[PDB]
*Asks:* 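Following this message is one structure expressed as structure tokens.
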Amino acid sequence: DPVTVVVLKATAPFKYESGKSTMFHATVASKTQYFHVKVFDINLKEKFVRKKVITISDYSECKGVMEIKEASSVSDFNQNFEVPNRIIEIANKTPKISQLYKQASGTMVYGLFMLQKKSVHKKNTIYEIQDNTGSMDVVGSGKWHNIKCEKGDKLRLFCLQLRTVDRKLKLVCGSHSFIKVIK
DNA sequence: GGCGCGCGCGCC
DNA sequence: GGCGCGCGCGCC
């Protein structure tokens, strides 16, 4: 059903494969929840700006993440719209590596984590991330082999998937994964 | 090329 | 939710 939200975050459009297309990620908030959104129509980028209020209908979902394909289904909302501020806070919280270690393979993961160790191999790059509860490997290939970063930088992860790899839960990149290196 | 407008977002 | 530095990018 149609849902009206306020945009909290939205990345710049980026290239990806399976067919090779374009997309960006966004995070939005109703008055009762926050959601991650994959937008596959890059002509909607102007509707997904910080603080813009939009109404989303005729979309699809997948593991709690919204998918938007046709611009025909986003409309501006210019009446008054206020979301409770904890929804904003939750929407911006990065989960703990100790909780990530307790979810099922398949779970999609988004957050900001600091990069403690970078190991580059032939086709894969293992980015070790840490917080005050644990460490975890991020596996990046293709677009995310050997990206520019060093110890102390932080990584913003968008739509990474928890997978068991050599008997341990890791984050691995797929077609829609995005990683941004900060500072 | 490369100015300069004005956002993004980590930090506050 | 505000701030402002760093930057992305339309324009010439």
Side-chain angles (χ1 to χ4, degrees), chain A residues 3-17 20-56 64-68 71 74-100 108-118 125 127-138 140 142-161 171 173 176-183:
Chain A
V3 59
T4 299
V5 300
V6 67
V7 176
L8 304 192
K9 184 165 170 104
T11 78
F14 68 80
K15 265 138 206 160
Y16 77 104
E17 204 93 314
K20 175 144 156 142
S21 179
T22 59
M23 60 166 300
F24 61 100
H25 300 267
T27 303
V28 306
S30 83
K31 310 157 146 303
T32 84
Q33 297 140 236
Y34 81 86
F35 309 117
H36 297 294
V37 196
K38 297 187 225 157
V39 188
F40 306 96
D41 191 341
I42 273 193
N43 271 281
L44 272 173
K45 169 50 201 165
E46 286 83 11
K47 261 165 214 314
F48 281 75
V49 300
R50 267 145 192 276
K51 310 140 143 172
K52 205 171 170 22
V53 180
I54 55 163
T55 291
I56 301 159
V65 174
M66 177 177 297
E67 274 194 315
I68 304 181
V74 197
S75 312
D76 294 38
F77 189 86
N78 281 287
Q79 340 291 327
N80 212 270
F81 198 72
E82 308 290 313
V83 315
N85 298 315
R86 293 182 183 174
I87 310 205
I88 312 280
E89 302 244 343
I90 303 181
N92 294 286
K93 174 240 58 180
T94 284
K96 286 320 193 186
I97 284 167
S98 57
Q99 291 301 125
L100 289 190
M108 309 318 305
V109 178
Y110 300 65
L112 185 52
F113 313 80
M114 94 157 307
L115 161 74
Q116 98 160 106
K117 206 177 307 293
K118 193 200 188 214
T125 301
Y127 306 87
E128 183 161 342
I129 59 147
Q130 196 186 332
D131 60 22
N132 68 296
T133 70
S135 319
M136 183 174 268
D137 295 358
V138 175
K143 209 166 184 283
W144 321 111
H145 186 251
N146 197 39
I147 73 199
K148 275 223 88 307
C149 50
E150 230 18 284
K151 194 219 167 70
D153 294 340
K154 271 146 158 169
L155 294 173
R156 190 158 273 285
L157 301 188
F158 295 87
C159 194
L160 270 95
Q161 192 187 194
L171 298 154
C173 287
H176 307 145
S177 293
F178 188 77
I179 304 167
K180 223 180 259 123
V181 168
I182 76 166
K183 201 169 259 182

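Labels below follow one simple rule: chain letters A, B, ... track the order of the sequence lines, proteins then strands, and each chain is numbered from 1. What you see below is based on every heavy atom in this structure, not just the backbone, and it leaves out hydrogens, waters and symmetry mates.
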*Asks:* Is the ring centre of A/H176 less than 6.0 Å from the ring centre of A/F158?
*Replies:* no
*Asks:* Using OP1 and OP2 only, check whether a side-chain N or O of A/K180 sits under 4.0 Å from B/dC9.
*Replies:*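 Looking at the OP1 and OP2 atoms of B/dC9, one of them is under 4.0 Å from a side-chain N or O of A/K180.
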*Asks:* Could you check how far CZ of A/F48 sits from P of B/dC7, rounded to whole Å?
*Replies:*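 Rounded to the whole Å, the gap is 19 Å.
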*Asks:* To the nearest Å, how far apart are A/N85 CG and C/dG2 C1'?
*Replies:* 13 Å
*Asks:* Can you check the A/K183 NZ to C/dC7 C1' distance for me, whole Å?
*Replies:*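 Nearest whole value for this atom pair: 14 Å.
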*Asks:* If only side-chain N and O atoms of A/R156 are considered, is one of them under 4.0 Å from the OP1 or OP2 phosphate oxygen of B/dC9?
*Replies:*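 False: A/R156 side-chain N/O out of range (4.0 Å or more) of B/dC9 OP1/OP2.
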*Asks:* Return no unless some side-chain N or O of A/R50 is found under 4.0 Å from OP1 or OP2 of B/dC7.
*Replies:* no
*Asks:* Using 30° and 60° as the class boundaries, would you call the ring planes of A/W144 and A/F14 parallel, tilted or perpendicular?
*Replies:* perpendicular
*Asks:* From A/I179 CD1 over to A/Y127 OH, what is the distance, rounded to the nearest 0.5 angstrom?
*Replies:*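 Here the rounded value is 6.0 Å.
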*Asks:* Is the terminal nitrogen or CZ of A/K143 (NZ for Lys, CZ for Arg) located under 6.0 angstrom from the six-membered ring centre of A/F178 and within 45° of that ring's axis?
*Replies:*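 No, A/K143 does not sit over the ring of A/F178.
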*Asks:* Quick one: A/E46 CD to C/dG8 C1', roughly how many Å, whole number?
*Replies:*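 After rounding, the reported distance stands at 14 Å.
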*Asks:* If you look at every strand shown and take non-hydrogen atoms under 4.0 Å, does A/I88 touch a base, only sugar-phosphate, or nothing?
*Replies:* nothing
*Asks:* Send over the distance from A/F113 CZ to B/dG10 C1', rounded to a whole Å.
*Replies:* 16 Å
*Asks:* Any idea which heavy atoms bring A/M23 and A/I42 closest together, and the distance?
*Replies:*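 In this case the closest contact between A/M23 and A/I42 is N-CD1, 3.4 Å.
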*Asks:* Take atom NZ of A/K52 and atom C1' of C/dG1, then tell me their distance rounded to the nearest Å.
*Replies:*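 Going from A/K52 (NZ) to C/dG1 (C1'), I get 20 Å.
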*Asks:* A/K9 NZ to B/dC11 P: how many Å, rounded?
*Replies:* 12 Å
*Asks:* Would you say A/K51 reaches B/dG8's phosphate, i.e. side-chain N/O to OP1/OP2 under 4.0 Å?
*Replies:*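 Negative; the distance criterion is not met.
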*Asks:* CD of A/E82 versus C1' of C/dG1: gap in Å, rounded?
*Replies:* 11 Å
*Asks:* Please tell me if A/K154 has a side-chain N or O lying less than 4.0 Å from either OP1 or OP2 of B/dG10.
*Replies:*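 It does not, given that no N or O in the side chain of A/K154 lies less than 4.0 Å from OP1 or OP2 of B/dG10.
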